[PDB]
């Protein structure tokens, strides 16, 4: 998987798809909307989980989403439910909105709570091993990250 370099709105998640650890690319695109209510298109992910993430970004991090068309896409055609994808969704969207990309060597694991906190998920060890195997060198996960704001200060400030 050889992907777009330095385009904002891209974030790698160390996911569990079914029973298998996979590193996947979460993509997001944000744009000033013409319509009265902003478009919210989600493909390959749980739209509801995404809404929660979008709400946290807007309310807890002050991202100006309410007039922004937001598209979120899991590259590669899979459909994945994993709560561990939240972090990557949160950061892809943030990256897409402020227009600066994430490092290419970073992989992301975590549940996102309505308070903006990052929460433990199943299979952290497997997820991390697979990220190592796939060649990543920096990791944000619930072991080393507690609040979403910290990850933003660290990579998207």
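Residue numbers count along the first chain shown, from 1.
Chemist: Averaging C-alpha B-factors over each stretch, which comes out higher, 34-42 or 128-136?
Modeler: Averaged over C-alpha atoms, the B-factors run higher in 34-42.
Chemist: So 89-97 or 61-69, which one's hotter by mean CA B-factor in the entry?
Modeler: According to the entry, 61-69 carries the higher average C-alpha B-factor.
Chemist: Residue 144's Cα B-factor: lowest, middle or highest third of the chain?
Modeler: Middle third.
Chemist: Would you mind ranking residue 17 by its C-alpha B-factor against the rest of the chain and naming the third, lowest, middle or highest?
Modeler: According to the entry, residue 17 has a C-alpha B-factor in the chain's highest third.
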